[PDB]
$ cat final_7.tsv   # TSV, C-alpha atoms
chain	number	residue	atom	x	y	z
H	1	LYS	CA	-35.77	50.51	191.58
H	2	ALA	CA	-33.40	53.18	190.31
H	3	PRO	CA	-30.33	51.51	188.76
H	4	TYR	CA	-26.85	52.08	190.18
H	5	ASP	CA	-23.83	52.65	187.95
H	6	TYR	CA	-20.56	50.65	187.65
H	7	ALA	CA	-17.35	52.70	187.21
H	8	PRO	CA	-17.56	56.39	186.41
H	9	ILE	CA	-17.28	57.71	182.83
W	1	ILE	CA	-24.11	72.78	171.19
W	2	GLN	CA	-27.29	74.74	171.87
W	3	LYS	CA	-30.63	73.43	170.64
W	4	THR	CA	-33.20	76.20	170.15
W	5	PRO	CA	-36.70	76.14	171.97
W	6	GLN	CA	-40.00	75.38	170.24
W	7	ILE	CA	-42.95	77.20	171.79
W	8	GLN	CA	-46.71	76.73	171.77
W	9	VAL	CA	-49.16	79.02	173.53
W	10	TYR	CA	-52.67	77.74	174.09
W	11	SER	CA	-55.51	77.22	176.58
W	12	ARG	CA	-56.44	74.00	178.42
W	13	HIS	CA	-60.20	74.22	177.77
W	14	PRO	CA	-61.64	75.82	174.66
W	15	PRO	CA	-61.97	79.55	175.29
W	16	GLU	CA	-65.13	81.63	175.89
W	17	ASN	CA	-64.71	85.33	176.73
W	18	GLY	CA	-65.38	85.80	180.46
W	19	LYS	CA	-65.01	82.04	181.28
W	20	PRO	CA	-61.99	81.28	183.54
W	21	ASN	CA	-59.42	78.95	182.01
W	22	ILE	CA	-55.78	77.89	182.12
W	23	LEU	CA	-53.25	79.24	179.62
W	24	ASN	CA	-50.28	77.07	178.73
W	25	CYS	CA	-46.86	77.88	177.41
W	26	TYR	CA	-45.37	74.59	176.23
W	27	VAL	CA	-41.60	74.95	175.67
W	28	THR	CA	-39.69	72.06	174.13
W	29	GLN	CA	-36.63	70.89	172.22
W	30	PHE	CA	-34.12	73.08	173.99
W	31	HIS	CA	-30.70	72.64	175.51
W	32	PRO	CA	-29.05	73.55	177.80
W	33	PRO	CA	-31.80	73.12	180.37
W	34	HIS	CA	-31.41	76.63	181.87
W	35	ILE	CA	-34.25	78.68	180.43
W	36	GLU	CA	-36.43	81.65	181.49
W	37	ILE	CA	-40.12	81.74	180.77
W	38	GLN	CA	-42.43	84.67	181.38
W	39	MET	CA	-46.12	84.88	180.53
W	40	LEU	CA	-47.55	88.30	179.68
W	41	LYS	CA	-50.99	89.94	179.72
W	42	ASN	CA	-51.13	93.06	177.60
W	43	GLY	CA	-47.30	93.26	177.57
W	44	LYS	CA	-47.12	92.99	181.39
W	45	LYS	CA	-45.56	90.11	183.35
W	46	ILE	CA	-48.23	87.88	184.99
W	47	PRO	CA	-46.83	87.44	188.50
W	48	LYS	CA	-47.67	83.94	189.86
W	49	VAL	CA	-46.98	81.45	187.10
W	50	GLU	CA	-46.80	77.67	187.55
W	51	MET	CA	-43.62	75.99	186.25
W	52	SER	CA	-43.57	72.20	185.80
W	53	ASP	CA	-40.25	70.56	186.71
W	54	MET	CA	-37.09	69.93	184.63
W	55	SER	CA	-37.73	66.98	182.29
W	56	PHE	CA	-36.22	65.57	179.16
W	57	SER	CA	-37.42	63.55	176.21
W	58	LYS	CA	-35.92	60.38	174.73
W	59	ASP	CA	-33.88	62.57	172.37
W	60	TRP	CA	-32.21	64.32	175.37
W	61	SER	CA	-33.88	67.66	174.66
W	62	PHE	CA	-35.51	69.47	177.55
W	63	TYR	CA	-39.12	70.56	177.93
W	64	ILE	CA	-41.02	72.65	180.44
W	65	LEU	CA	-44.74	73.49	180.81
W	66	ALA	CA	-45.63	76.92	182.16
W	67	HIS	CA	-49.25	77.65	183.01
W	68	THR	CA	-51.46	80.18	184.77
W	69	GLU	CA	-55.06	80.97	185.48
W	70	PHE	CA	-56.58	83.46	183.06
W	71	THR	CA	-59.92	84.88	182.09
W	72	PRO	CA	-59.93	85.64	178.36
W	73	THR	CA	-61.62	88.86	177.33
W	74	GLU	CA	-62.51	90.24	173.89
W	75	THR	CA	-59.60	92.62	173.88
W	76	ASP	CA	-56.74	91.38	176.13
W	77	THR	CA	-53.71	89.89	174.49
W	78	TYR	CA	-51.70	87.14	176.10
W	79	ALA	CA	-48.13	86.05	175.30
W	80	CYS	CA	-45.17	83.93	176.37
W	81	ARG	CA	-41.62	85.28	176.44
W	82	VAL	CA	-38.71	82.84	176.46
W	83	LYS	CA	-35.05	83.65	177.23
W	84	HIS	CA	-32.39	81.00	176.44
W	85	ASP	CA	-28.70	81.06	175.37
W	86	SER	CA	-29.57	79.56	171.95
W	87	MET	CA	-31.07	82.92	171.05
W	88	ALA	CA	-29.56	86.38	171.39
W	89	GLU	CA	-32.91	88.06	172.06
W	90	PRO	CA	-35.93	86.88	173.98
W	91	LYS	CA	-38.63	85.27	171.86
W	92	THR	CA	-42.29	86.29	172.28
W	93	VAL	CA	-45.14	84.22	170.87
W	94	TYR	CA	-48.68	85.58	171.11
W	95	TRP	CA	-51.68	83.53	172.15
W	96	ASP	CA	-53.98	82.87	169.24
W	97	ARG	CA	-57.37	81.60	170.50
W	98	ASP	CA	-57.96	79.75	167.17
W	99	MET	CA	-54.71	77.85	166.70
T	1	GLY	CA	-51.26	46.19	177.28
T	2	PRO	CA	-47.43	46.40	176.82
T	3	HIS	CA	-45.49	48.32	179.49
T	4	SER	CA	-42.24	50.03	180.36
T	5	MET	CA	-40.16	51.66	183.04
T	6	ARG	CA	-37.47	54.34	182.76
T	7	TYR	CA	-35.13	56.33	184.86
T	8	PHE	CA	-33.96	59.63	183.38
T	9	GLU	CA	-31.04	61.09	185.30
T	10	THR	CA	-29.38	64.47	184.69
T	11	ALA	CA	-26.46	66.35	186.20
T	12	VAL	CA	-25.80	69.98	185.36
T	13	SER	CA	-22.70	72.02	186.05
T	14	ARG	CA	-22.82	75.80	185.63
T	15	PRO	CA	-19.76	78.06	185.47
T	16	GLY	CA	-19.55	79.25	189.09
T	17	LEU	CA	-22.05	76.81	190.73
T	18	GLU	CA	-20.17	74.95	193.46
T	19	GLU	CA	-21.33	71.32	192.91
T	20	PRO	CA	-23.47	69.97	190.02
T	21	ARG	CA	-27.20	69.62	190.46
T	22	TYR	CA	-28.41	65.99	190.16
T	23	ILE	CA	-31.99	65.11	189.18
T	24	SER	CA	-33.56	61.70	188.65
T	25	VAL	CA	-37.05	61.00	187.44
T	26	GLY	CA	-38.65	57.62	187.23
T	27	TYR	CA	-41.36	56.78	184.75
T	28	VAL	CA	-43.72	53.83	184.70
T	29	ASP	CA	-45.60	53.62	181.38
T	30	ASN	CA	-44.35	57.13	180.53
T	31	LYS	CA	-46.07	58.60	183.59
T	32	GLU	CA	-43.76	60.26	186.06
T	33	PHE	CA	-43.93	58.21	189.28
T	34	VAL	CA	-40.87	59.13	191.47
T	35	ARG	CA	-38.40	61.99	191.61
T	36	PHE	CA	-35.17	63.07	193.36
T	37	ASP	CA	-33.60	66.55	193.21
T	38	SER	CA	-30.35	67.58	194.96
T	39	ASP	CA	-31.52	71.24	195.17
T	40	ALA	CA	-34.46	70.32	197.45
T	41	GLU	CA	-34.06	71.52	201.07
T	42	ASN	CA	-33.91	67.90	202.17
T	43	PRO	CA	-32.90	65.85	199.08
T	44	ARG	CA	-34.96	62.65	198.91
T	45	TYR	CA	-36.90	60.57	196.41
T	46	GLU	CA	-40.60	61.68	196.72
T	47	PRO	CA	-43.51	59.76	195.16
T	48	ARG	CA	-45.21	61.48	192.26
T	49	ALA	CA	-48.36	59.44	191.65
T	50	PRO	CA	-51.02	58.63	194.32
T	51	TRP	CA	-50.47	54.82	194.11
T	52	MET	CA	-46.81	55.15	195.19
T	53	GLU	CA	-47.60	56.46	198.73
T	54	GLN	CA	-48.26	52.73	199.27
T	55	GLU	CA	-44.47	52.25	199.88
T	56	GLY	CA	-42.84	51.85	203.27
T	57	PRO	CA	-40.08	54.32	204.34
T	58	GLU	CA	-37.34	51.65	204.00
T	59	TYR	CA	-37.96	51.76	200.25
T	60	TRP	CA	-37.58	55.60	200.22
T	61	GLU	CA	-34.36	55.39	202.29
T	62	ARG	CA	-32.73	52.82	199.96
T	63	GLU	CA	-33.69	54.75	196.84
T	64	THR	CA	-32.62	58.05	198.38
T	65	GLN	CA	-29.27	56.39	199.19
T	66	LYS	CA	-28.82	55.18	195.57
T	67	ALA	CA	-29.53	58.75	194.48
T	68	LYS	CA	-26.76	60.11	196.69
T	69	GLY	CA	-24.37	57.54	195.15
T	70	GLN	CA	-25.58	58.43	191.66
T	71	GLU	CA	-25.05	62.13	192.48
T	72	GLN	CA	-21.40	61.34	193.31
T	73	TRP	CA	-21.04	59.16	190.16
T	74	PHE	CA	-22.24	62.00	187.96
T	75	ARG	CA	-19.87	64.37	189.77
T	76	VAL	CA	-16.84	62.26	188.98
T	77	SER	CA	-18.01	61.52	185.44
T	78	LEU	CA	-18.59	65.23	184.63
T	79	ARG	CA	-15.08	65.92	185.94
T	80	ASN	CA	-13.53	63.31	183.68
T	81	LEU	CA	-15.54	64.48	180.65
T	82	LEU	CA	-14.02	67.96	180.89
T	83	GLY	CA	-10.66	66.29	180.59
T	84	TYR	CA	-11.67	63.91	177.81
T	85	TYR	CA	-12.98	66.83	175.74
T	86	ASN	CA	-10.21	69.28	176.70
T	87	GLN	CA	-12.81	71.73	177.91
T	88	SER	CA	-11.41	74.32	180.32
T	89	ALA	CA	-13.23	75.61	183.43
T	90	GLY	CA	-16.02	78.21	183.56
T	91	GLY	CA	-18.50	76.66	181.08
T	92	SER	CA	-21.87	74.93	181.44
T	93	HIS	CA	-22.13	71.14	181.09
T	94	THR	CA	-24.72	68.40	181.11
T	95	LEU	CA	-24.56	64.64	181.60
T	96	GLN	CA	-27.66	62.57	181.11
T	97	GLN	CA	-28.66	58.95	181.42
T	98	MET	CA	-31.73	56.91	180.40
T	99	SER	CA	-32.04	53.43	181.85
T	100	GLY	CA	-34.95	51.04	181.87
T	101	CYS	CA	-36.89	48.12	180.40
T	102	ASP	CA	-39.77	47.38	178.03
T	103	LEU	CA	-42.22	44.53	178.51
T	104	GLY	CA	-44.46	42.76	176.02
T	105	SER	CA	-48.17	42.41	176.79
T	106	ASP	CA	-47.15	38.96	178.12
T	107	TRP	CA	-45.17	40.92	180.79
T	108	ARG	CA	-41.85	39.36	179.56
T	109	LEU	CA	-38.75	41.47	178.85
T	110	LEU	CA	-38.54	42.93	175.34
T	111	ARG	CA	-35.63	45.43	175.46
T	112	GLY	CA	-33.28	46.96	178.01
T	113	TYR	CA	-32.05	50.53	177.56
T	114	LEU	CA	-28.93	52.01	179.01
T	115	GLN	CA	-27.78	55.24	177.35
T	116	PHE	CA	-25.68	58.28	178.18
T	117	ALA	CA	-25.40	61.69	176.66
T	118	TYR	CA	-22.97	64.49	177.14
T	119	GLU	CA	-23.92	68.07	176.26
T	120	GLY	CA	-27.19	66.69	174.89
T	121	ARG	CA	-25.35	64.45	172.47
T	122	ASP	CA	-25.12	60.67	172.38
T	123	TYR	CA	-21.95	59.67	174.23
T	124	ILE	CA	-22.20	55.95	174.94
T	125	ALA	CA	-25.00	53.38	174.91
T	126	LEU	CA	-25.50	49.71	175.77
T	127	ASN	CA	-26.61	47.84	172.64
T	128	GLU	CA	-29.80	45.71	172.54
T	129	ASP	CA	-27.71	42.56	173.18
T	130	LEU	CA	-26.82	44.03	176.60
T	131	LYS	CA	-23.16	42.89	176.14
T	132	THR	CA	-21.54	45.40	173.73
T	133	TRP	CA	-21.29	49.18	173.74
T	134	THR	CA	-21.80	51.81	171.03
T	135	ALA	CA	-19.83	55.09	171.27
T	136	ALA	CA	-19.32	57.40	168.29
T	137	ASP	CA	-17.01	60.07	169.63
T	138	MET	CA	-13.26	59.74	169.71
T	139	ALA	CA	-13.21	60.95	173.30
T	140	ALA	CA	-15.82	58.34	174.24
T	141	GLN	CA	-13.56	55.42	173.26
T	142	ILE	CA	-11.67	55.80	176.51
T	143	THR	CA	-14.91	55.04	178.34
T	144	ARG	CA	-15.85	52.15	176.01
T	145	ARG	CA	-12.54	50.47	176.88
T	146	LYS	CA	-12.61	51.12	180.64
T	147	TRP	CA	-16.09	49.52	180.63
T	148	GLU	CA	-15.33	46.62	178.30
T	149	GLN	CA	-12.32	45.86	180.57
T	150	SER	CA	-14.40	45.88	183.74
T	151	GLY	CA	-17.58	43.97	182.82
T	152	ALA	CA	-19.83	46.99	183.25
T	153	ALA	CA	-22.24	45.44	180.72
T	154	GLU	CA	-22.91	42.37	182.92
T	155	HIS	CA	-23.77	44.65	185.87
T	156	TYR	CA	-26.24	46.83	183.87
T	157	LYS	CA	-27.51	43.62	182.17
T	158	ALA	CA	-28.37	42.09	185.56
T	159	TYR	CA	-30.34	45.19	186.64
T	160	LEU	CA	-32.14	45.42	183.31
T	161	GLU	CA	-33.21	41.72	183.31
T	162	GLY	CA	-33.82	41.32	187.06
T	163	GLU	CA	-34.56	44.39	189.21
T	164	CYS	CA	-36.01	46.52	186.36
T	165	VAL	CA	-38.42	43.72	185.51
T	166	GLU	CA	-39.23	42.41	189.05
T	167	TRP	CA	-40.00	45.89	190.43
T	168	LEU	CA	-41.93	47.01	187.33
T	169	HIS	CA	-44.25	44.02	187.79
T	170	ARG	CA	-44.69	45.08	191.46
T	171	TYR	CA	-45.43	48.70	190.55
T	172	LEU	CA	-47.86	47.54	187.88
T	173	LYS	CA	-50.01	45.62	190.40
T	174	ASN	CA	-49.98	48.38	193.04
T	175	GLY	CA	-51.75	50.86	190.73
T	176	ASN	CA	-53.53	48.27	188.57
T	177	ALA	CA	-56.59	50.62	188.46
T	178	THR	CA	-54.68	53.92	187.77
T	179	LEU	CA	-52.94	52.87	184.49
T	180	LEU	CA	-55.01	49.87	183.12
T	181	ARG	CA	-56.92	52.05	180.56
T	182	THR	CA	-56.40	55.03	178.19
T	183	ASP	CA	-58.47	58.26	177.60
T	184	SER	CA	-59.88	58.28	174.03
T	185	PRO	CA	-59.89	61.62	172.21
T	186	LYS	CA	-62.89	63.80	171.47
T	187	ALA	CA	-62.77	65.39	168.05
T	188	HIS	CA	-64.42	68.29	166.24
T	189	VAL	CA	-63.83	70.63	163.29
T	190	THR	CA	-63.70	74.44	163.50
T	191	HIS	CA	-64.27	76.89	160.66
T	192	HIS	CA	-62.19	80.04	160.04
T	193	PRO	CA	-62.76	82.17	156.92
T	194	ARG	CA	-59.56	83.95	155.82
T	195	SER	CA	-58.72	85.09	152.26
T	196	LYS	CA	-61.42	85.85	149.68
T	197	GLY	CA	-63.22	82.60	148.81
T	198	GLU	CA	-61.00	80.33	151.04
T	199	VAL	CA	-61.49	78.83	154.55
T	200	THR	CA	-59.42	77.01	157.18
T	201	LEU	CA	-60.85	73.72	158.34
T	202	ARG	CA	-59.07	72.96	161.61
T	203	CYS	CA	-59.68	69.44	163.00
T	204	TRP	CA	-59.11	69.36	166.74
T	205	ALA	CA	-58.51	66.42	169.00
T	206	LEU	CA	-58.75	66.89	172.75
T	207	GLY	CA	-58.53	65.20	176.16
T	208	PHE	CA	-56.54	62.10	175.14
T	209	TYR	CA	-53.94	59.85	176.76
T	210	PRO	CA	-51.36	58.73	175.93
T	211	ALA	CA	-49.99	61.37	173.56
T	212	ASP	CA	-49.37	59.25	170.43
T	213	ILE	CA	-51.94	60.15	167.84
T	214	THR	CA	-52.26	60.78	164.12
T	215	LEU	CA	-54.49	63.27	162.27
T	216	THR	CA	-55.10	63.16	158.51
T	217	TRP	CA	-57.18	65.28	156.17
T	218	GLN	CA	-58.60	63.56	153.11
T	219	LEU	CA	-60.04	65.11	149.95
T	220	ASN	CA	-62.77	62.44	149.72
T	221	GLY	CA	-60.16	59.62	149.99
T	222	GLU	CA	-56.87	61.37	149.00
T	223	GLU	CA	-54.56	62.35	151.93
T	224	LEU	CA	-52.41	65.57	151.91
T	225	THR	CA	-48.66	66.08	152.59
T	226	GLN	CA	-49.55	69.00	150.28
T	227	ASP	CA	-49.44	71.89	152.78
T	228	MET	CA	-51.61	70.55	155.59
T	229	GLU	CA	-50.86	72.46	158.81
T	230	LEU	CA	-50.40	70.85	162.25
T	231	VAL	CA	-48.83	71.46	165.68
T	232	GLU	CA	-46.74	69.26	167.89
T	233	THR	CA	-48.86	67.31	170.33
T	234	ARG	CA	-49.11	69.34	173.53
T	235	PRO	CA	-50.30	68.70	177.08
T	236	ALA	CA	-53.55	70.26	178.27
T	237	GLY	CA	-51.89	70.36	181.72
T	238	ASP	CA	-54.58	68.12	183.32
T	239	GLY	CA	-52.68	64.89	182.39
T	240	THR	CA	-54.33	64.67	178.86
T	241	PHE	CA	-53.17	65.98	175.43
T	242	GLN	CA	-54.19	68.04	172.43
T	243	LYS	CA	-53.36	68.23	168.73
T	244	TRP	CA	-54.90	69.85	165.71
T	245	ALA	CA	-54.49	69.65	161.99
T	246	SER	CA	-55.82	72.22	159.52
T	247	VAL	CA	-55.98	72.69	155.76
T	248	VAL	CA	-56.86	75.35	153.13
T	249	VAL	CA	-60.32	74.79	151.56
T	250	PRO	CA	-62.55	76.42	148.85
T	251	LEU	CA	-65.48	78.19	150.60
T	252	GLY	CA	-68.64	76.10	150.00
T	253	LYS	CA	-66.79	73.09	148.50
T	254	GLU	CA	-66.01	71.88	152.06
T	255	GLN	CA	-67.94	68.63	152.79
T	256	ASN	CA	-65.54	66.81	150.43
T	257	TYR	CA	-63.04	67.19	153.29
T	258	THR	CA	-62.88	64.47	156.00
T	259	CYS	CA	-60.50	64.56	158.97
T	260	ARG	CA	-59.54	61.12	160.32
T	261	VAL	CA	-58.17	60.50	163.85
T	262	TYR	CA	-56.19	57.43	165.00
T	263	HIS	CA	-55.38	56.75	168.64
T	264	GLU	CA	-54.87	53.58	170.71
T	265	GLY	CA	-57.82	53.94	173.11
T	266	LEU	CA	-60.06	54.21	170.05
T	267	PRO	CA	-62.06	51.11	169.12
T	268	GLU	CA	-61.55	52.22	165.56
T	269	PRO	CA	-60.49	55.52	164.02
T	270	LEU	CA	-62.84	58.52	163.89
T	271	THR	CA	-64.04	60.03	160.66
T	272	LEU	CA	-65.26	63.63	160.97
T	273	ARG	CA	-66.13	66.57	158.76
T	274	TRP	CA	-67.41	70.15	159.26
T	275	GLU	CA	-70.92	70.26	160.78
T	276	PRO	CA	-72.39	73.80	160.58
$ encode --input "final_7.tsv" --output "structure tokens"
Amino acid sequence: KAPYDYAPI
Amino acid sequence: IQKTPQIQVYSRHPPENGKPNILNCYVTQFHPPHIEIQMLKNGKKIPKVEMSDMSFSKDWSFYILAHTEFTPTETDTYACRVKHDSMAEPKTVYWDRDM
Amino acid sequence: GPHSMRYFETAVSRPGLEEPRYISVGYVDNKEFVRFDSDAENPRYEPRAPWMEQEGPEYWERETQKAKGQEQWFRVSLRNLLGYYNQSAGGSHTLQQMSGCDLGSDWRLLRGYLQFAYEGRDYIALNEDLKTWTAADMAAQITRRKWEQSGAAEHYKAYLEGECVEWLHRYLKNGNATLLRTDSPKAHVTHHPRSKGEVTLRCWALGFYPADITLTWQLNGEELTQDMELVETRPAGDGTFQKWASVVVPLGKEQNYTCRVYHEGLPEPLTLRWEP
């Protein structure tokens, strides 16, 4: 499963 | 900043003159990932050259594998020519059947 | 057998290119096994090993959706990074991410990785504890705070301890024949006369997987960091690897020289010397 990111950088 | 490409040129199977084979140009340790790779027979661009896809190593540096079918002869020279921003001029490294 | 999974994501902006190109590559035990690329005519995650065509289209739709979200996340992040670094427009830029998990041979979690890099340089990374962040650069501190503030670490921590592990187990079963073993290397020594009275003994090692390997020349028992020659390990292009090590040798006085070869698929290391 690809991860999914929280807030942008 | 630009990291500058390391290059190896070599054959898949050990070479015998007249025996068909694959010739690899392994290009590594470069950044940014935009790079141009030609393979040359007797100074002339080999036309249909396989290019493995964009990939990067655990140190963030990019690496590509270029390969093509070739039949080594006694007398033909084979080379790989790499263009990348890290270097002003293209870099050519000649195939050495021994190393 | 210890195991791992990784996802290596990249987004590249180029000076006049309209939108960044996003590319994600999944690895199970270092072998590429899925891939997404926004430049493709129809952008989707495609399988990349045989054993993954075992997966029902709902899987590919979910993943492909994640990708499209990731693509947008990289877009926004790239845009902010320009600002953080006071870079103007009309340059080339790169943002990269590695994410994944390592398992012991007991199949338990060992380490989670979550790391980012900007322009090829370390930008921010989740520490081994999966709670705190490391970020060297002054510009990166902005990010460290935003993410400390917002519990980003708990989110990534959950993925790294749950989904990363659960799904890696699943993938491991589904190609339990494809990966279970490792290709041992075949070795031999070649002879190349050069200067007057001196020869090159070049110990080859071929057709091995995975790539980690060590080659050592001994003068009867004494190793040499004294001007032994090698090359970076390189792929044959058939899914196996090659390396060689060579050294300068007196012509005739050449059976005193033993190449040793160490690799994981080996029962024990190989000892070889020149056989004319």
$ atom_distance --input "final_7.tsv" --atom1 "atom CA of residue 228 of chain T" --atom2 "atom CA of residue 257 of chain T"
12.1 Å
$ atom_distance --input "final_7.tsv" --atom1 "atom CA of residue 35 of chain W" --atom2 "atom CA of residue 9 of chain W"
16.4 Å
$ residues_around --input "final_7.tsv" --residues "residue 43 of chain W" --least-positions-apart "4" --cutoff "8 Å" --atoms "only C-alpha atoms" --output "ChimeraX atom specification"
/W:77-79
$ residues_around --input "final_7.tsv" --residues "residue 9 of chain H" --least-positions-apart "4" --cutoff "7 Å" --atoms "all atoms listed in the file" --output "JSON, numbers by chain"
{"T": [77, 80, 143]}
$ interface_residues --input "final_7.tsv" --of "chain W" --to "chain T" --cutoff "8 Å" --atoms "only C-alpha atoms" --output "VMD selection string"
chain W and resid 1 8 11 to 13 24 26 31 to 32 55 to 56 58 60 to 61 65 67
$ closest_residue --input "final_7.tsv" --among "T:239, T:90, T:1, T:151" --to "residue 264 of chain T" --atoms "all atoms listed in the file"
T:1
